[PDB]
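Chains as they are written, first to last, in the entry's author numbering: chain A, 125 to 218; chain B, 125 to 218; chain C, 397 to 408, 411 to 467, 470 to 484, 492 to 584; chain D, 3 to 145, 156 to 190. Just so it is clear, CB atoms sit at the ideal spot from N, CA and C, and this is done for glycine as well. One structure is given below, encoded as structure tokens.
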Amino acid sequence: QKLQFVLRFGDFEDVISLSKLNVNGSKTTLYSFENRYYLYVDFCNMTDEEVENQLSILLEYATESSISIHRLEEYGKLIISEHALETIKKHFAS
Amino acid sequence: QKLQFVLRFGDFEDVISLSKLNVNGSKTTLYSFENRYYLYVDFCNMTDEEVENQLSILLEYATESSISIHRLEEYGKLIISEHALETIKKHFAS
Amino acid sequence: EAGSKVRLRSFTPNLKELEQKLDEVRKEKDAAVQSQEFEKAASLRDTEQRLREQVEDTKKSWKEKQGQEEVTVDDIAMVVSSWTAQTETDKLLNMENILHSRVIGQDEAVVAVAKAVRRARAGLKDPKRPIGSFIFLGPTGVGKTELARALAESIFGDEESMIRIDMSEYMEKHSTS
Amino acid sequence: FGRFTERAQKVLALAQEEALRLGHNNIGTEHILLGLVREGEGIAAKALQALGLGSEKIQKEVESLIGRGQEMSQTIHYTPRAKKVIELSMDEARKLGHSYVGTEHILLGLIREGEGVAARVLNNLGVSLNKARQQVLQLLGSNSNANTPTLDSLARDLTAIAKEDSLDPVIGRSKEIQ
């Protein structure tokens, strides 16, 4: 089972919102593309049950884009690497 | 598997270019017809793998014409026999 | 119109005839290679090619022409010279000088018209009304029509942009223009 | 023949790098292919890594069908085939709204004009032509009740269509609107 996902937020504030929680063993990176912001999540070692779980939460705040992840790595616009969530929490939650 | 082919070049210089390489165990003869130049290749004894191979190269410089080869032998215009490539390399590569 | 008319005017030197030369050389080259006659041609290839890189450096020398066309009104209004300022108001200030060179005698008339046109043409008269409404009184062959021409020429550009009706034709209750 | 990405432009000149590294005199479709897997980072490059086609496997087939090597290098030019292949990637991108060509499109453009040396490297490396256009595709993508029927085109939806932030100004006729 796959352990890396790419999600699209409709408006940026949706992302801040997601930040205000717990990333947890989750490397994550955030792109800007077609005006909408995509976010790329990477779970290192977790049980499938453990990941189908966690991903649930994420999609209260996003949807899962069919987008080839490498399209981003090439033609995207990087905004935050590896610790993408973590950073927005700093400059935005209060 | 067949071991003799007839190729059409769009412009003559395309032929000079082809010449600048290695014909190799390859008898070859060159006609002029409909203003475009056709070239007729004849591999004596080669493995099918070895020919599907070689022929690859040729069509970097030509395409393969549906043309009945005997149409040329009759109604074409001969220019160089048997050693058609070889001769162009003489009078043209430097 | 101009949203092309400029990339149009852009891709309009005497560097045509080399193309023509060039042409036959290649040709001359072909004929001999099928005659072979290689050298007697390879000559001719080394020769066609001298002319090739030749013309290029005046076609790649035509990104020298991209530069000269940039956006400002320069390009826009010349567009218009078709669809319809110093020596345009100078036609006006100096109208009399101008009408005088065509209409002889008649200074009484010229100055009256000059000033009237210049009034209307300067913002004062109401725009929905003609530029000028005049009546020309006087004897025949004095300049009545002649001034109307000179006006057309000076004001509208063409001594011939002039409609002319003969009211002899409209004397009865059939007055439908 | 125009303007592409760095990645495109690099991969193209990179064909030439390979033109000579083997000594041949015209760069055919086989070199454009080496060009792609050898810049190793383009979407084109990435794909090939998928089918099981590193630079290692490929160049071995190619040298096994051409080899040295007239160092001639007399200021070389393309194959007419490959010139077609380039004319094609331009179109394999009109066909994608991609305003500019790049590593993928050139790989796309090769499959399309399959007659040629690249194509045979692969029909030789047991990699039919379509399994390949696929791999590139699966690395690019995109950007409702009764709308089903309506939503032909006939007749495009002013509303949600301009809900997507996607709308401009727009200057009126401001009291024309009301």
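- Neighbourhood of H26(D) in chain B, by CB distance below 8 Å: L145, in chain order.
- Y185(B) sits in a helix when the DSSP states are folded into three classes.
- Going by DSSP, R23(D) is part of the alpha helix (DSSP H) stretching over 8 to 23.
- According to the DSSP secondary-structure assignment, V103(D) is paired through a beta bridge with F6(D).
- For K457(C), the secondary structure class from DSSP, reduced to helix, strand or coil, is coil.
- Between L163(A) and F133(A), the beta carbon gap of about 7 Å places them in contact (Cβ cut-off 8 Å).
- Residue environment for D166(A): exposed (fewer than 16 other C-beta atoms within 10 angstroms of its C-beta).
- With the criterion set as a beta carbon lying under 9 Å from some beta carbon of chain D, the members of the region 145 to 163 of chain B are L145, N146, in sequence order.
- For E553(C), the CB contacts under 6 Å within the same chain, skipping 5 residues up- and downstream, are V510 in chain order.
- Distance from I108(D) to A10(D) at the Cβ level is roughly 6 Å; contact confirmed, criterion being Cβ atoms closer than 8 Å.
- With contacts defined by Cβ atoms closer than 7 Å, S561(C) and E467(C) do not form a contacting pair.
- For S141(B), the neighbours in chain D by C-beta distance under 7 Å run, in chain order, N27, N28.
- Scanning chain B for C-beta atoms nearer than 8 Å to the C-beta of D428(C) yields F136, reported in chain order.
- Excluding five sequence positions before and after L209(B), the CB atoms of its chain that fall closer than 6 Å to its own CB belong to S143, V147, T152, given in chain order.
- Taking all protein chains in view, the Cβ of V182(D) is surrounded by fewer than 16 other Cβ atoms within 10 Å, so the residue is classified as exposed.
- About 4 Å separates the CB atoms of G37(D) and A17(D); that is less than 8 Å, so the two are in contact.
- Shown here is that no member of the region 102 to 123 of chain D has a Cβ falling below 7 Å from a Cβ of chain A.
- Straight through space, the alpha carbons of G56(D) and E41(D) are spaced by roughly 11 Å.
- Checking the DSSP bridge columns, you'll see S156(B) partnered with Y161(B).
- Between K522(C) and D169(D), the alpha-carbon positions lie close to 59 Å from each other.
- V130(B) is bridged by DSSP to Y164(B).
- Secondary structure note for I45(D): its alpha helix (DSSP H) is the uninterrupted segment 45 to 53.
- At a cut-off of 7 Å between C-beta atoms, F167(B) does not count as an interface residue with respect to chain C.
- CA-to-CA, the gap between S582(C) and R528(C) works out to about 32 Å.
- In the DSSP annotation of this structure, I191(B) is not part of any alpha helix (DSSP H), being labelled neither H nor E.
- According to the DSSP assignment, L67(D) belongs to no beta strand (DSSP E), since it is labelled neither H nor E.
- Looking at the DSSP output, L202(B) bridges to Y155(B).
- Residues of chain B with a Cβ closer than 7 Å to the Cβ of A15(D) do not exist; the shortest Cβ-Cβ separation is about 18 Å.
- With respect to the C-alpha of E43(D), the residue from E106(D), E117(D), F6(D) having the closest C-alpha is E106(D).
- Straight-line spacing of the CA atoms in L142(D) and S66(D) works out to 33 Å.
- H33(D) counts as buried, since at least 16 other C-beta atoms from the protein chains shown sit within 10 angstroms of its C-beta.
- The C-beta separation of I181(B) from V119(D) comes to about 6 Å, placing the pair in contact by the 8 Å criterion.
- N28(D) carries a strand assignment under DSSP once its states are collapsed to helix, strand and coil.
- Beta-bridge pairing by DSSP links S150(A) to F167(A).
- With the rule of 3 Cβ pairs closer than 8 Å, the region 81 to 98 of chain D does not count as touching the region 569 to 580 of chain C.
- Taking the beta carbon of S66(D) as reference, the chain B residues within 8 Å of it are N177, listed in sequence order.
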